[PDB]
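# coordinates only, sequence not included:
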């Protein structure tokens, strides 16, 4: 039968979606042998655990607060921010930090909301008697980070605790803000994009009166767990990276490199022109009027000396036997590459050799000389 | 869910069909704002009329036949062909013609069949008495277009009419042919592709005997309408064009032009070579052995003088100051474009000027001179 | 199983439709995380408002009409057009205008129809007594914009109002026209494409007779609202633009620029040829026979001096040290770029420098000099 | 509505299948006007006939066997093969053959099987008395094509017939073979790919004893029809061609031609180089060490003289005025095309002329001369 | 194609295929003409 | 040296057939008028849609934008042909990409404030009647 009915009229696209991770049938090319095949979990291999609230219901130890005998009846113990992003610094030129699990799983999202149950575990005997406020002020800026004490704290929401026969309490930090959510404190590597919505405080309301058989000082551990109403919404670039590879590379510009896609190079010939990666580009050396430039690094021989515009839109670096032939007096002095003076200073083609390439993009040294 | 089931295996094509005009869903890109939108016709805007038989049931006036007193009892009045293509000539170098509506709507098809009701409206008083045969012979060729008279007509099918108190009759021309259809008489502009299937005739059986108070001459009007069984089938190139634009352009070859896709040109430079459209081509002048050729038409100056093979596969036309520098003695005499004699005769680059282009493809004049 | 059945036979197209905005399923690549996800509106975030008739049922204040004591019993107060496009001029080289909301939402469409309720709010005390016609003549052209007075007005439809204890009335301007719709008065920036269908008039039938304790003059405010039968159909280019950016750029031709896609440029080298954007084009200076041209604007140095055809189909601008080397006597005098005279006047390659580009398309100055 | 569901994931192919000719919906671009349109057959136009067994049930006359009086009681009449491919030779450098319809419709297939009813129509009066075996031996090779007579025939299957008052009998040749099918005897033009499965024989068991009033000789006609169990399966290249065009072209190599896609040529210019088709290639003349070659065939003038490698990877043929300039002494003698001796021997560009092309690929003559 | 680009396409093959497509219905039988056997065609002697 | 905004050619859109532009074009020199103006000669008015399917050459690669402009009138039967000359916002638009397929297709609707429109060749007698001949104006421009 002839199928003369007029056919469909579509739009091609090259790739399936990426951010979609839900009720959406995704077609692929499986390297499995079976079309109905799915990876499976036998009777012991059914895994225990994955959920944001499964992470946010785990305490993470975040602050060691020393609490001595002679701390006065208004002394501050912590002014730490009432976000999940709690600063705990470990003592490299970059620094590493502990976080609560609710802190990191907040740092893989844009926005968060809900309570934050911080657990104060006050490690003492039943012979120590203490008393301390855990207060909570909504909305204190950096300039209002000072002027704080317990007397101005008790205006806001606060919980006074007596350290006695029970030694532990989990305060539930409220979520009090104008906004339904709250933007991540740190964001990507981006200097704009906001501090905490609110601040926790912990002042010693009545100081420790210990017995003379026990110690003057007492550890207070501060855990952080996301509250029962905690929830995060928008998946963005995470603000935290692992410490499997703490290596970092700066990108200052005073040091030299070959241009992108032109290293590694090798000494060779070129019929338009020794000089390749197709000739490898080189950066234009910022030479003002009345100077010259030549290069010495940080074939048949290692080429430790080498810049002039080729004429095809990009610079070239010509190898020389030494820095003497390289030492640019002719070319910056008004010459050209087709000069007999220049062609004598060049290296002939026979020095191409086996032509072993450079190791990556070797940083040359920019020597600038007066003309 | 991973969709691992193996997908479809089609054929692309670039365009939907063109001749299909029927029960066939056609997908497009509508510039209407609505997907379900269709152009509509309100209560007065529902149009009255579209159908081949709606056209073929309209009389069109096609022949004025004078019918005098002294026409004899066998005189011919019309031998016109029994197709819908009835020749009515209007008195330009092309001529224009009236047609019946069934004639034109036959001329938009390949084939036709069915009856052809020609209406004879014989405009006379009731005092005129006449009598005339409307005969119909199937299958008379051009050589049999002669030898015709009423006595040999009455062998075939014929209708004798008396012009009296009623003055009008619509004869129904039969469709008598060997073939189920009949090819269009004229076709495209194509000298092969056939005359009429059959011929109508109209002889005066008894001549007009008028009264002496009325006129000797009588108009007979001949209308043509497609019959009730008329039908056409195959849609082909129409054989008739409108008279909105009766302009016609011949294509004789003795006059000159630039080649297709190379006019308009302009005087300019070219690094391989003044001489552009990318250099504009020119026709190869049919010069036998022992002549020369130069051009004069029918930058900084108008270039009224200008042909030699460039060497890149196509001819070029070089501008000159005058017909003297143009007057071809060097090049047809064995020279070449790289000659110093030739390079002196050329126009230098400074005469490019603002470079206003030629108006279309200006017809040059081919001057042929002896060598 | 082998699927040997013959497959589909389609047509590709590159893009989904644009004007379609209706019952039409549109496939995209959502950056949302969920396939069934849709932006939502919680209990306070369900928005109040969107509809053409929601805009056309809002009064906009459009005319302040002074109405004094000594205005006579036929004096005109407004002859303003009975379209929604009501002219209200604010006192820049372009001018800005208020409009009714029905005026703008008419100006985002091609055609409109229906009534136009103009509200006359006549601000007076109950001690003022007035009387004024609001007339309406269908179809007065510009030459018939004169000859108007109340006595010739009352032939048409008119409403006489008494200014008394009630001070406000909303007259409903009829829609009286030959056409079912009416084309937009202004259109795109296009000097053809029609004035109003009809004209409103407002004459003082009986003049204001105020009491001697109140004022001689009275404000009359004229609001415009689209009527209940108002409706617009065809979505076209809007005739009105915002005043967020009232900047406008003329396009006169006497000033100079680089060609499109060739600015910004930079001084550099080129192996076929200093001279780039790949050499940047320049406009052909309209030089008649017997002149010369050089450029001075409105690397190692700023290049304030710079046109000749390159030979590759487009002009080039060569940099010079000064206007002296630039001052064109050689090239317009019959020379060429390969001349030794020309090559001495050129700037050598060493002056390429770091090669900072020009700021955009800097307007040069065309100096034309005699030869 | 936004259609965010992830779309299909196919494979394009350029063309629908070709060997598929069955229950398979084939989409096309019909030049018919109607989508549901199908070519039709009215009441007389319903055609009578198409089927392999409709062809295989038709007798075709295939052998005239003379049967004289004095043929002995063992004389052979035919040893013809028991395939449908029956050899009947007509008395051109190729020869033409009759075949049975079952022979040809077997020759449009690879394999055949089933019975073969050969009809012996023995044209005689009732006064002639005869007797003859129609035997059938399965599996006799070419070396066993000899040693055959009726006494060794009657071991196999055989039918003895008496020529009497009835004169005609249709013997049904069995299908006896090891294989379910049997490969075509002839195949494509391919010298490997098998003789008959089995052989028919017809010996005169008792010789003709005619009466002395009738003739000594008797015609025997041998028809071939495919049997009732005949069937063919695999559609391959047919082994038989029509005699509408019995022209054949050999492809010996000693004669000359231009290379494929380079004829017709024309004399013209070329900027890298007179010499075109883009220069037309020529075959490399097999010249050993110490000879020369020039060409004379079997612009402004006809170019009857013309091979050297161009340098761009393919040979060129340069036109000369005569065979003297052509007579290769310089180039085979160690010269080159850039020699002044060579450039004098070349034809200058002015002899390009109107440039009428050659007729097809004109066979040149390869003249080989000693150096 | 314009005159410049069609010059590259000179001496390129354009192949046309064919088949009947289910509408074809052959009429009255006629016997076959004389046939040529294809292996009898000569080989290209080199 | 046209800007990217510049229309490459504009033409009014009508089923009447163009002002016939006959180096002549050998079709319009030879095959006069085709079918649809030969039928459209037989009716004084019309009302309805049109389809276009504009075909572009091979050596072009750039993206193509196509506009419908129902604002544009038709001034006389002269200049009712294809005109070799900006892009606009609110007009109905479509871009065909050359690299996918160099043939755009269109369903240009009926946008007139009329009961129907003139179908014979139009002499522009009435000044507002120029609003009532073309469906609008299609413009093809390149990027």
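Cool, got the structure. Numbers count the residues shown, from 1 in each chain, chains lettered A, B, ... in the order given.
# residue A:88 and residue A:95 touch, don't they?
No - with contacts counted by CB atoms under 8 Å, residue A:88 stays clear of residue A:95, the gap being 10.9 Å. Backbone N, C-alpha and C define where each C-beta goes, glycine included.
# when these two are compared, which one has more neighbours?
Counted by other CB atoms under 10 Å in any protein chain shown, residue A:88 and residue A:95 do not tie: residue A:88 has more neighbours, with 18 against 9.
# residue contacts, the more buried one?
Each residue near residue A:88 by CB atoms under 8 Å, 6 or more residues apart in numbering or on different chains is listed here: A:62, A:63, A:97, A:98, A:99.
# from the middle of its chain, how far away would stretch A:344-351 be?
48 Å (CA atoms, centre = their mean, to the nearest Å).
# if you could redo that for stretch A:325-340, that was the one I meant.
Taking CA atoms, centre = their mean, one finds the center of stretch A:325-340 at 47 Å from the center of the full chain.
# for stretch A:284-303, same thing?
36 Å.
# any idea how far apart the tips of it sit?
20 Å (CA to CA, to the nearest Å).
# return the residues of chain F in contact with chain A.
Contact residues (CB under 8 Å from any CB of the partner chain) of chain F with chain A: F:100, F:105.
# what does chain F have sitting close to chain C?
Close to chain C, as judged by CB under 8 Å from any CB, chain F has residues F:1-4, F:68-73, F:75, F:88-97, F:99-101, F:104-105, F:111, F:113-115, F:128, F:131.
# can you flag the buried ones in these?
F:68-73, F:88, F:91-94, F:96-97, F:101, F:104-105, F:111, F:113-114, F:131 (16 or more other CB atoms under 10 Å in any protein chain shown).
# what about the residues you listed, which are in strands?
Counted as lying in strands by DSSP state E, out of these, are F:68, F:92, F:93, F:94, F:96.
# export those as JSON lines, with columns for distance to residue B:181.
Putting these into JSON lines (distance: CB to CB, whole Å) gives the following:
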{"residue": "F:68", "distance to residue B:181": "42"}
{"residue": "F:92", "distance to residue B:181": "45"}
{"residue": "F:93", "distance to residue B:181": "47"}
{"residue": "F:94", "distance to residue B:181": "43"}
{"residue": "F:96", "distance to residue B:181": "42"}
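# go back to those and keep what's next to chain E.
Okay, of those, nothing touches chain E (CB under 8 Å from any CB).
# show me what residue A:66 is bridged to.
Under DSSP bridges, the beta-bridge partners of residue A:66 are residue A:219.
# that one touches residue A:217, doesn't it?
Yes - judged on CB under 8 Å, residue A:66 makes contact with residue A:217 at a distance of 6.3 Å.
# any idea how far residue A:133 lies from chain D?
51 Å (CB to the nearest CB, to the nearest Å).
# quick check: residues of the stretch 251-371 of chain A near chain C?
A:272, A:284, A:286-289, A:309-313, A:331-336.
# try 10 Å
A:272, A:284-290, A:308-314, A:330-337 (CB under 10 Å from any CB of the partner chain).
# make a ChimeraX selection of the buried ones in these.
Applying 16+ other CB under 10 Å to these, the buried members can be selected in ChimeraX as follows:
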select /A:284,285,287,308,309,310,311,330,331,332,335,337
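# the residues of the stretch 251-371 of chain A next to chain C also near chain F: which ones?
Near chain F, by the rule CB under 10 Å from any CB, you find none of those.
# for residue A:354, give its distance to residue A:303.
Between residue A:354 and residue A:303 the distance is 13 Å, computed by CB to CB, to the nearest Å.
# okay, and the common contacts of those two?
Common neighbours of residue A:354 and residue A:303, using CB atoms under 10 Å, 6 or more residues apart in numbering or on different chains, are residue A:266.
# so those two - more neighbours on which side?
A count of neighbours by other CB under 10 Å puts residue A:303 above the other of residue A:354 and residue A:303, at 20 against 7.
# picking up where we left off before, okay, and which of the residues of the stretch 251-371 of chain A next to chain C map to strands?
A:308, A:309.
# wait, is residue E:39 part of a helix?
Yes - counting by DSSP: H, G, I helix; E, B strand; the rest coil, one finds residue E:39 located in a helix.
# residue contacts, residue A:232?
Neighbouring residues of residue A:232 by CB under 10 Å, 6+ apart: A:52-53, A:56, A:84, A:102, A:105-114, A:181-182, A:184, A:226.
# count the residues that sit near residue A:218.
22.
# now it. Nearest residue, chain neighbours left out?
Nearest non-adjacent residue to residue A:218, counting by CB to CB, 6 or more residues apart in numbering or on different chains: residue A:67, 4.6 Å away.
# one more: residue A:358?
Here the residue nearest residue A:358, using CB to CB, 6+ apart, is residue A:264, at 4.9 Å.
# helix, strand, or coil at the one you found?
coil.
# settle this for me: it is touching residue A:362, isn't it.
Yes - with contact defined as CB atoms under 10 Å, residue A:264 reaches residue A:362; the gap is 8.6 Å.
# now for these two: what residues contact both?
residue A:258.
# now the residue nearest to residue A:156 when sequence neighbours are not counted: which helix or strand?
Leaving aside its chain neighbours, residue A:156 sits nearest to residue A:137 (4.4 Å; criterion: CB to CB, 6+ apart). Counting by DSSP states H and E, the element that carries residue A:137 is strand A:129-138.
# strands paired with that strand, and their directions?
strand A:157-163 (antiparallel), strand A:198-209 (antiparallel).
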